[PDB]
Amino acid sequence: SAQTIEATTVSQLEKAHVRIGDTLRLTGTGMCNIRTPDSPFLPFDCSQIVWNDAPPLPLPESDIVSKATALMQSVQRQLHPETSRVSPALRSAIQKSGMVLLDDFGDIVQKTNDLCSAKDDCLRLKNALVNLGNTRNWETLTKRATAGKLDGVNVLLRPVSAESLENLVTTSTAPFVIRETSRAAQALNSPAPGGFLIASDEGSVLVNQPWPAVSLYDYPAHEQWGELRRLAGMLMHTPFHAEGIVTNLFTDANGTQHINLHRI
């Protein structure tokens, strides 16, 4: 005979030995299933819950990403400031000359060397810095920079050139974040054995978390990392609720019990 099963831990649901036709009411803390490339929390799918007592996986971390962020911020700090090592009288005069000031060219070269370390990285960007720096090649520039012979030194750009350089830092760092974002996503998709995978027949979302303003990949590359990290922050160990009748049930090789639920 069919029964109603109420369970709040993985153990309780295992002890209940569910069958097809049973009615489950399930509330616990678990993880939303993550899909490799419709659904609000893309790439997570919270119509499917991975429920088991293996400790949750760690949030994404990358030092490449923070190197990329350092570079983009040093450039933004200098192209669009709002307070600038330099004397105020000098500051106003440069603005009146129709020009833009980098007051720490040395930091930008170091940050670029930091991220684009491998000899064939970001050649457009290194060439732009070389021309700004009045050297012959990138490698002299990096040493003078790393030496400390460029700290606080002042470079001036026509505004069209400064726009182009900001976009150049932008387009060159994007592939770094895109890779690391991708790498992090795959590291989030490592499934423990045992436990359950609870899926909603009608594709019902099964968590109560705020829906995201826009999908993760409508974001610009550098902010995709930030959002994926946020999405994982609230969806890898979230309270969930799932109730309905069991319409299918199967224990895979790994010992995970897949359960499909149709609500009432």
# chains A, B, ... in the order shown; residues from 1 in each chain; ligands from 1
$ select_by_dssp --residues "segment 13-182 of chain A" --states "alpha helix (DSSP H)" --output "ChimeraX atom specification"
/A:13-16,63-79,88-96,105-115,123-133,138-147,159-182
$ residues_around --residues "residue 256 of chain A" --least-positions-apart "3" --cutoff "8 Å" --atoms "only C-alpha atoms" --output "PyMOL selection string"
chain A and resi 193-197+251-253
$ write_last_selection --atoms "C-alpha atoms" --output "mmCIF file, in the first residue's frame"
data_model
loop_
_atom_site.group_PDB
_atom_site.id
_atom_site.type_symbol
_atom_site.label_atom_id
_atom_site.label_comp_id
_atom_site.auth_asym_id
_atom_site.auth_seq_id
_atom_site.Cartn_x
_atom_site.Cartn_y
_atom_site.Cartn_z
ATOM 1 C CA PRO A 193 27.649 9.307 -4.518
ATOM 2 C CA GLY A 194 24.523 8.187 -2.737
ATOM 3 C CA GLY A 195 21.800 10.609 -1.679
ATOM 4 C CA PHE A 196 18.962 11.750 -3.954
ATOM 5 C CA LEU A 197 18.261 13.749 -7.083
ATOM 6 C CA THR A 251 18.879 4.009 -8.227
ATOM 7 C CA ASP A 252 21.840 4.672 -10.483
ATOM 8 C CA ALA A 253 25.146 2.817 -10.428
#
$ residues_around --residues "residue 113 of chain A" --least-positions-apart "4" --cutoff "10 Å" --atoms "only C-alpha atoms" --output "PyMOL selection string"
chain A and resi 71+107-109+117-119+121-122+126+138-139+141-143+145-146
$ residues_around --residues "segment 26-38 of chain A" --least-positions-apart "4" --cutoff "7 Å" --atoms "only C-alpha atoms" --output "JSON, numbers by chain"
{"A": [6, 7, 8, 9, 43, 44, 45, 46, 48, 49, 50, 51, 52, 189, 235, 236, 237, 238, 239, 240, 241, 242, 243]}
$ write_last_selection --atoms "N, CA, C and O atoms" --output "PDB file, in the first residue's frame"
ATOM      1  N   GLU A   6       6.920  12.075   5.025  1.00  0.00           N
ATOM      2  CA  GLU A   6       7.482  13.379   5.364  1.00  0.00           C
ATOM      3  C   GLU A   6       8.924  13.196   5.826  1.00  0.00           C
ATOM      4  O   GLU A   6       9.194  12.438   6.766  1.00  0.00           O
ATOM      5  N   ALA A   7       9.849  13.884   5.166  1.00  0.00           N
ATOM      6  CA  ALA A   7      11.270  13.727   5.454  1.00  0.00           C
ATOM      7  C   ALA A   7      11.971  15.077   5.438  1.00  0.00           C
ATOM      8  O   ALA A   7      11.756  15.888   4.530  1.00  0.00           O
ATOM      9  N   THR A   8      12.840  15.302   6.429  1.00  0.00           N
ATOM     10  CA  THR A   8      13.646  16.519   6.490  1.00  0.00           C
ATOM     11  C   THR A   8      15.150  16.279   6.443  1.00  0.00           C
ATOM     12  O   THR A   8      15.905  17.255   6.381  1.00  0.00           O
ATOM     13  N   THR A   9      15.608  15.026   6.477  1.00  0.00           N
ATOM     14  CA  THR A   9      17.012  14.683   6.303  1.00  0.00           C
ATOM     15  C   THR A   9      17.130  13.639   5.203  1.00  0.00           C
ATOM     16  O   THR A   9      16.151  13.004   4.804  1.00  0.00           O
ATOM     17  N   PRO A  43      23.345  29.062 -14.893  1.00  0.00           N
ATOM     18  CA  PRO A  43      23.362  27.660 -15.329  1.00  0.00           C
ATOM     19  C   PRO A  43      22.822  26.656 -14.320  1.00  0.00           C
ATOM     20  O   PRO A  43      22.808  25.442 -14.583  1.00  0.00           O
ATOM     21  N   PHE A  44      22.401  27.131 -13.161  1.00  0.00           N
ATOM     22  CA  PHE A  44      21.783  26.233 -12.197  1.00  0.00           C
ATOM     23  C   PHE A  44      20.341  25.935 -12.588  1.00  0.00           C
ATOM     24  O   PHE A  44      19.669  26.744 -13.233  1.00  0.00           O
ATOM     25  N   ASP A  45      19.876  24.748 -12.208  1.00  0.00           N
ATOM     26  CA  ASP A  45      18.502  24.314 -12.452  1.00  0.00           C
ATOM     27  C   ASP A  45      17.910  23.858 -11.124  1.00  0.00           C
ATOM     28  O   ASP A  45      18.271  22.796 -10.602  1.00  0.00           O
ATOM     29  N   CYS A  46      17.012  24.668 -10.574  1.00  0.00           N
ATOM     30  CA  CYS A  46      16.428  24.391  -9.274  1.00  0.00           C
ATOM     31  C   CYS A  46      15.054  23.757  -9.389  1.00  0.00           C
ATOM     32  O   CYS A  46      14.289  23.769  -8.414  1.00  0.00           O
ATOM     33  N   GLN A  48      15.591  20.714 -10.219  1.00  0.00           N
ATOM     34  CA  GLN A  48      16.241  19.482  -9.798  1.00  0.00           C
ATOM     35  C   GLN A  48      17.155  19.787  -8.629  1.00  0.00           C
ATOM     36  O   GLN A  48      18.036  20.644  -8.726  1.00  0.00           O
ATOM     37  N   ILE A  49      16.973  19.046  -7.551  1.00  0.00           N
ATOM     38  CA  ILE A  49      17.706  19.246  -6.312  1.00  0.00           C
ATOM     39  C   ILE A  49      18.588  18.032  -6.100  1.00  0.00           C
ATOM     40  O   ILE A  49      18.108  16.892  -6.151  1.00  0.00           O
ATOM     41  N   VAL A  50      19.869  18.282  -5.882  1.00  0.00           N
ATOM     42  CA  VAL A  50      20.811  17.288  -5.405  1.00  0.00           C
ATOM     43  C   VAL A  50      20.842  17.375  -3.889  1.00  0.00           C
ATOM     44  O   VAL A  50      21.271  18.390  -3.321  1.00  0.00           O
ATOM     45  N   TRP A  51      20.418  16.303  -3.237  1.00  0.00           N
ATOM     46  CA  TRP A  51      20.240  16.266  -1.788  1.00  0.00           C
ATOM     47  C   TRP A  51      21.121  15.151  -1.248  1.00  0.00           C
ATOM     48  O   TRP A  51      20.836  13.974  -1.489  1.00  0.00           O
ATOM     49  N   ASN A  52      22.192  15.502  -0.534  1.00  0.00           N
ATOM     50  CA  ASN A  52      22.955  14.485   0.183  1.00  0.00           C
ATOM     51  C   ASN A  52      23.849  15.155   1.214  1.00  0.00           C
ATOM     52  O   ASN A  52      24.055  16.372   1.196  1.00  0.00           O
ATOM     53  N   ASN A 189      30.598  21.179 -10.735  1.00  0.00           N
ATOM     54  CA  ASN A 189      29.855  20.022 -11.203  1.00  0.00           C
ATOM     55  C   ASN A 189      30.676  18.765 -10.938  1.00  0.00           C
ATOM     56  O   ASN A 189      31.264  18.150 -11.836  1.00  0.00           O
ATOM     57  N   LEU A 235      22.903  28.947  -4.062  1.00  0.00           N
ATOM     58  CA  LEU A 235      22.258  27.770  -4.636  1.00  0.00           C
ATOM     59  C   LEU A 235      22.996  26.458  -4.413  1.00  0.00           C
ATOM     60  O   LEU A 235      22.509  25.421  -4.864  1.00  0.00           O
ATOM     61  N   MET A 236      24.144  26.454  -3.743  1.00  0.00           N
ATOM     62  CA  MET A 236      24.844  25.201  -3.474  1.00  0.00           C
ATOM     63  C   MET A 236      24.511  24.613  -2.112  1.00  0.00           C
ATOM     64  O   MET A 236      24.851  23.446  -1.859  1.00  0.00           O
ATOM     65  N   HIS A 237      23.884  25.400  -1.229  1.00  0.00           N
ATOM     66  CA  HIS A 237      23.430  24.927   0.074  1.00  0.00           C
ATOM     67  C   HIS A 237      22.236  25.756   0.523  1.00  0.00           C
ATOM     68  O   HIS A 237      22.357  26.565   1.440  1.00  0.00           O
ATOM     69  N   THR A 238      21.088  25.552  -0.122  1.00  0.00           N
ATOM     70  CA  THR A 238      19.844  26.298  -0.057  1.00  0.00           C
ATOM     71  C   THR A 238      18.732  25.455   0.565  1.00  0.00           C
ATOM     72  O   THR A 238      18.679  24.241   0.349  1.00  0.00           O
ATOM     73  N   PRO A 239      17.831  26.052   1.342  1.00  0.00           N
ATOM     74  CA  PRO A 239      16.619  25.316   1.709  1.00  0.00           C
ATOM     75  C   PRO A 239      15.776  25.102   0.462  1.00  0.00           C
ATOM     76  O   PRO A 239      15.747  25.952  -0.433  1.00  0.00           O
ATOM     77  N   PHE A 240      15.111  23.948   0.386  1.00  0.00           N
ATOM     78  CA  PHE A 240      14.241  23.621  -0.743  1.00  0.00           C
ATOM     79  C   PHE A 240      12.982  22.928  -0.234  1.00  0.00           C
ATOM     80  O   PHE A 240      12.977  22.308   0.836  1.00  0.00           O
ATOM     81  N   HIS A 241      11.921  22.989  -1.043  1.00  0.00           N
ATOM     82  CA  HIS A 241      10.676  22.277  -0.755  1.00  0.00           C
ATOM     83  C   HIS A 241      10.194  21.550  -2.005  1.00  0.00           C
ATOM     84  O   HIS A 241      10.149  22.121  -3.101  1.00  0.00           O
ATOM     85  N   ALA A 242       9.830  20.291  -1.841  1.00  0.00           N
ATOM     86  CA  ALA A 242       9.381  19.478  -2.959  1.00  0.00           C
ATOM     87  C   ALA A 242       8.282  18.579  -2.441  1.00  0.00           C
ATOM     88  O   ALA A 242       8.474  17.869  -1.452  1.00  0.00           O
ATOM     89  N   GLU A 243       7.121  18.642  -3.056  1.00  0.00           N
ATOM     90  CA  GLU A 243       6.085  17.703  -2.670  1.00  0.00           C
ATOM     91  C   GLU A 243       5.328  17.292  -3.913  1.00  0.00           C
ATOM     92  O   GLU A 243       5.159  18.091  -4.843  1.00  0.00           O
TER      93      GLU A 243
END
$ select_by_dssp --residues "segment 185-227 of chain A" --states "strand (DSSP E)" --output "JSON, numbers by chain"
{"A": [196, 197, 198, 199, 200]}
$ residues_around --residues "segment 74-80 of chain A" --least-positions-apart "6" --cutoff "12 Å" --atoms "only C-alpha atoms" --output "number ranges by chain"
A: 67-68, 86, 95, 99-112, 129, 152, 154-170
$ residues_around --residues "residue 177 of chain A" --least-positions-apart "3" --cutoff "9 Å" --atoms "only C-alpha atoms" --output "list in words"
residues 64, 65, 68, 173, 174, 180, 181, 182, 221, 222, 223, 224 and 225 of chain A
$ atom_distance --atom1 "atom CA of residue 212 of chain A" --atom2 "atom CA of residue 175 of chain A"
24.0 Å
$ residues_around --residues "residue 248 of chain A" --least-positions-apart "4" --cutoff "12 Å" --atoms "only C-alpha atoms" --output "MDAnalysis selection string"
chainID A and resid 18:23 197:201 244 257:262
$ closest_residue --among "A:150, A:24, A:16, A:205" --to "residue 47 of chain A" --atoms "only C-alpha atoms"
A:205
